[PDB]
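**Q** Structure, please.
(2 chains, ligands or ions: 4)
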Protein chains: 2
Amino acid sequence: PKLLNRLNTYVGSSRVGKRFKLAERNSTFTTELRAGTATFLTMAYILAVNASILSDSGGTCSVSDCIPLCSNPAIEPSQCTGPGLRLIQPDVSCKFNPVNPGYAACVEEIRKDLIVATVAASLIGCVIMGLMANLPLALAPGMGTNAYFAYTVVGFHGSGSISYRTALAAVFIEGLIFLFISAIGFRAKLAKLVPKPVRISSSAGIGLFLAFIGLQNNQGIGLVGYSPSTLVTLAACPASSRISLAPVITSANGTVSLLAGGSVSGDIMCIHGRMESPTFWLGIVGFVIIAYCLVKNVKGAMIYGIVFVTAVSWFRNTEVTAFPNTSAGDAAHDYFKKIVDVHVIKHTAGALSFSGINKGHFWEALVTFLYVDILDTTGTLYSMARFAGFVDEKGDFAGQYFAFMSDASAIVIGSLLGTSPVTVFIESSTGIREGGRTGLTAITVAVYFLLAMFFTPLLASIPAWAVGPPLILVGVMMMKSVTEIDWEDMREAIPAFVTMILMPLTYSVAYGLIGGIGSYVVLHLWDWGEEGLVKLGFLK
Amino acid sequence: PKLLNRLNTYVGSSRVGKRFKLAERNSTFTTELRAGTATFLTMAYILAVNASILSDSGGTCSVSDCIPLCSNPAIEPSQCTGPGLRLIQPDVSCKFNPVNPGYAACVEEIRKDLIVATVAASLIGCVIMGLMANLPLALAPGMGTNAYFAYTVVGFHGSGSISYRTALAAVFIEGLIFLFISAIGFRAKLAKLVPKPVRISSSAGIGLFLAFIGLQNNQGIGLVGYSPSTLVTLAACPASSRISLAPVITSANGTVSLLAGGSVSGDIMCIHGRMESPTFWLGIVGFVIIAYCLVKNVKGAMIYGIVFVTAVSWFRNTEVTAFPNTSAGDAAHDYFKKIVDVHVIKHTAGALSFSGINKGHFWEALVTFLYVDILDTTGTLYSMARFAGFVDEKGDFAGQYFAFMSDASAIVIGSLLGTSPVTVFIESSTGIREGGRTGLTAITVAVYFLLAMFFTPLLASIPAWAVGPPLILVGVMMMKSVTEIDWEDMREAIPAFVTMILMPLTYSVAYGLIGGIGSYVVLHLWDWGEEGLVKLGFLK
Ligand SMILES: *[C@@H]1O[C@H](CO)[C@@H](O[C@@H]2O[C@H](CO)[C@@H](O)[C@H](O)[C@H]2NC(C)=O)[C@H](O)[C@H]1NC(C)=O
Ligand SMILES: *[C@@H]1O[C@H](CO)[C@@H](O[C@@H]2O[C@H](CO)[C@@H](O)[C@H](O)[C@H]2NC(C)=O)[C@H](O)[C@H]1NC(C)=O
Ligand SMILES: C/C(=C\CNc1ncnc2[nH]cnc12)CO
Ligand SMILES: C/C(=C\CNc1ncnc2[nH]cnc12)CO
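**A** Numbering: from 1, shown residues only, chains lettered A, B, ... in the order given. Ligands and ions are numbered 1, 2, ... in the order given. Next up is the structure itself:
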């Protein structure tokens, strides 16, 4: 026949072929590799997006890495010695604008570290899923939880109520509890705990949250900025025309002064030149490219858009350059000059700490992690089992037990390595749609991830206007779940709308879920009471 | 039979009864009055909401009404005479925080004027609709266009790119053009210009915009504020713990100073005490009341909630008092002391100006008004005609011509009196659902509006935490249109998502529409080109 056919048959007739039940599932070797390659092309974008989002979280280092600065910027701190000249001792404000150089270097190092951590976690998760449960699924850090971890639990540059290490501890404990409950089979009861409309609309809320994040400044293509009256208006003015804000003390005559201890914000206000930022238009070009590649049903759209924007952004003397002419820019260009490197985890490894188990926000974050993971994992796993045609009449696909256990173990390992919890990817559908049916798909994707590493230097130079449209379009894809809501029934409509609008506005998933559940319960209280009272017997 | 029956028969057998075709439509006198009363109860909330929203727009008066102020607040300007003491000449900054007293008095007077203007415009529109076209519909200022006029075209306290008078001129010209195009039957040709997904999702976008407005500080119940990092987080701290922001010039060492000419913002940042403002909880109580009244299908829910919140807020020495102990509070309490008054429009009457016809934003606002009015009026009028069973097979209900003409004339009259465009209300369905079929419903609603006036003093004391949930729930009701989108087709999904997310984030309807249409057109260029080229003959 053909060498492809000899290879297929030889693998099919081997012990390893029987291990994964190749013959019984009607595919031998080459369908598996094609499915794996398609899956990797579909979901490679995590490699950049997750690293960027987690790097913006501030990393493991604190004010201790802020160097003392001079009184005048023109004098370097080492030479800051003279009359009326002194050194400023770093404070909390060193972490924020204007950022201390030491913190910037720490942040870049943590960015590299997190890239490597993501790659390793995804590889190990894929291997475990492929081997223990023997299914053709792919695992990697979740998009929905990335931003919740980076911008809400920890905050921008560690401005949140939970320290990074305690956040990793929370993720670890959540993974352990998930493994426990999956083992003892209470999972269905907890999944039924949440009301239907909140469960349906939480995904749309998270999609809107990601879309909003993609429209900010230090996360995406700009186009949204501060306004003194409406608090949000049309950004995308040139970077040279952006200024910061500070808190002041008003009065009853018109005087104003700066409030000591004001937490200065970044460049968020535009003074002139709206809709003139070249980075915004480059991001728009990338967005349109990804949109076409999606509409024509071409796999790997987001990678093509990201790569085009990044390649354009690698030139050195442009307005959209990823290497601006300063010290940090020169260091970044130096690193990017070497194409391949083997970076080694140094700080994020084993960075757990159980100090903050007392704080309420700790348990809030843990419970939010737990519920999001339970619901999404169960739903996506059952959907993919349906897509592969493994579901029997009773509704189970045999190997569900070990699939859930493997997902929980992967979550725990990701927690240990220092990344947001890992999950199964809907992108795996592509592999199923290509004919792959056994665990070789997962191992192929794992090998492709292992190939991805060795390229840390190139993946470290992704600007926000490259991340951008990927996040926006992930939100677009996630929004499709709104249809399952009966919008004509107020008792079901109101909680869903609250859930959708609270997440992107309060900028926090937990508050959206809490508001939705509270509104649902308050609305249904009368029905609960009447039903229970008729059950008692006073009413009919 | 019964006096009700004699009255019914006597009216039915009279000339006036034949004028509205009473017998032909199977209702004589009392079904009409019941339908009118139900309609008025359903849609009375406009009386407060429209007045508040348009009053926040700043009115017709400019910095010329800012009085000169003293150097120290403890000295009144009249006595501001002494060493090192002087008078500050008002500039633009007088209009904003800290607001000059004269502008506050002007704003209150404009609020009263706008209340009376809304009442008169709604009355005249209802009368014209009921008489010329002879249908049981109700007219009043639109909710969606209210906020677009008040917060986007003109801006908060006249901070927009269009002067209030020129905005009224734009509304006038838009109404005239609508009348012209409707007269010639060319309306349906324009109505097909907008793509389907944009038309479908614009209503959901406007609903989200209203919901966002209802969650702000000077428009609703708070709960959304400013944050240096995420730009939006969880507000509803006590008013005593809110501070303002100002622009600042940073450096490369950590120094900061104020920027001359900074446009100070209102109290938007919370320093401590989150989720502790009593006004927020009172608004939540009103929201829950309205939600119950809606779920149980009780007419007049929003009025009951507004009235409860206002009645609680009318007390004098509480944290949620609508009369705080100052000069303006005392004046407002003085006015509210007299229950009934006959206020006469003094400024907003005949306030047109055609100076700015050159500006592009003028035409942007005009076209946005025109398209919103065209689409909404056509759709709602046809839906209400269907609901009453007047539609024939061909799809017309006879009196459509004069209905559209009456709506256009009402828009023009509203423009003359100084309010946002007037439209037909979906709430009229209630009157139809009760059995009303003729023009007596409109005249009854007009009489009820005429009754509403004479109560300007009471309607003038509505706080934001009373307006609040009404806006939020109007957004909830509007959101129901998302279902008509095929979320699985990207070429139709992406433009709709862009339209939905751009309106509430950029805080402008026109930009959302422009973005949606642009994305739609750019997405389909390949299809248009291929189709036209195959039409030419090169391809097959
Ligand atoms: C940081 O450097 C700035 C200059 O870039 C210093 O600005 C001082 O304050 C204002 C603004 O320039 C002027 O009136 C002074 O003359 C400036 N002095 C100097 C030496 O530039 C600022 O003082 C420096 N930081 C601190 C803490 O002083
Ligand atoms: C406006 O009134 C205030 C008192 O309410 C005056 O006091 C100023 O207060 C600010 C901040 O507390 C200080 O920075 C100023 O030095 C104070 N000025 C004086 C003269 O004491 C304030 O001065 C008044 N406005 C102006 C322009 O003087
Ligand atoms: C509720 C959770 C999403 C978590 N992340 C993911 N969950 C499942 N598959 C994916 N593909 C990309 N990201 C994901 C839905 O937003
Ligand atoms: C597109 C337009 C709405 C304009 N306003 C209204 N249009 C029609 N009926 C109403 N009832 C209350 N407000 C309205 C839809 O938001």
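**Q** ok, the residue nearest to residue A:426 when sequence neighbours are not counted - how many residues close by?
**A** The shortest distance from residue A:426 to any non-neighbouring residue, by CB to CB, 6 or more residues apart in numbering or on different chains, is to residue A:380 (5.7 Å). The way it works is simple: take the backbone N, C-alpha and C, and place the C-beta from them, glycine included. Using other CB atoms under 10 Å in any protein chain shown, residue A:380 has 18 other residues around it.
**Q** show me the contacts for residue A:380.
**A** For residue A:380, the contacting residues are A:423, A:424, A:425, A:426, by CB atoms under 8 Å, 6 or more residues apart in numbering or on different chains.
**Q** Could you pull out the buried residues of the helix or strand it falls within?
**A** Following DSSP states H and E, one finds residue A:380 within helix A:360-388. Residues of helix A:360-388 classed as buried: A:361-362, A:364-378, A:380-381, A:384-385, A:388 (neighbour count, 16 or more other CB atoms under 10 Å in any protein chain shown).
**Q** close to ligand 3, is it?
**A** Yes: using CB under 6 Å from any ligand atom, helix A:360-388 reaches ligand 3 at A:372, A:376, A:380.
**Q** Relative to ligand 2, how far out is the first one?
**A** Look at residue A:372 and ligand 2: by CB to the nearest ligand atom, to the nearest Å, they are 48 Å apart.
**Q** Also residue A:36?
**A** Going from residue A:36 to ligand 2 by CB to the nearest ligand atom gives 67 Å.
**Q** Could you find the closest non-adjacent residue to that residue?
**A** residue A:444 (2.7 Å).
**Q** helices or strands up against the helix or strand hosting that neighbour?
**A** Using DSSP H and E, residue A:444 maps to helix A:440-452. Helix A:440-452 is packed against helix A:30-42, helix A:101-128, with contacts defined by 3 or more CB pairs under 8 Å, 6 or more residues apart in numbering or on different chains; DSSP states H and E.
**Q** how close does the residue nearest the centre of chain A sit to residue A:446?
**A** Geometric centre of chain A, nearest residue: residue A:146, 2.5 Å, by CA atoms, centre = their mean. Distance of residue A:146 to residue A:446, given as CB to CB, to the nearest Å: 21 Å.
**Q** on that earlier part again, I'd like the contacts of residue A:380 as CSV, with neighbour count appended.
**A** Putting the contacts of residue A:380 into CSV (neighbours: other CB atoms under 10 Å in any protein chain shown) gives the following:
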residue, neighbour count
A:423, 24
A:424, 25
A:425, 25
A:426, 18
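**Q** which of those are close to ligand 3?
**A** Filtering the contacts of residue A:380 for proximity to ligand 3 by CB under 6 Å from any ligand atom leaves A:423, A:425, A:426.
**Q** Name the member of those with the shortest distance to chain B.
**A** Of all these, residue A:426 has the smallest distance to chain B: 13.7 Å, by CB to the nearest CB.
**Q** Which of the contacts of residue A:380 fall in strands?
**A** Residues of these located in strands (DSSP state E): A:423, A:424.
**Q** Return the residues of the stretch 351-500 of chain A in contact with ligand 4.
**A** Residues of the stretch 351-500 of chain A lying near ligand 4 (CB under 6 Å from any ligand atom): none found.
**Q** What sits closest to the residue nearest to the centre of chain A if chain neighbours are left out?
**A** Residue A:146 sits nearest to residue A:53 (CB to CB, 6+ apart), 4.5 Å away.
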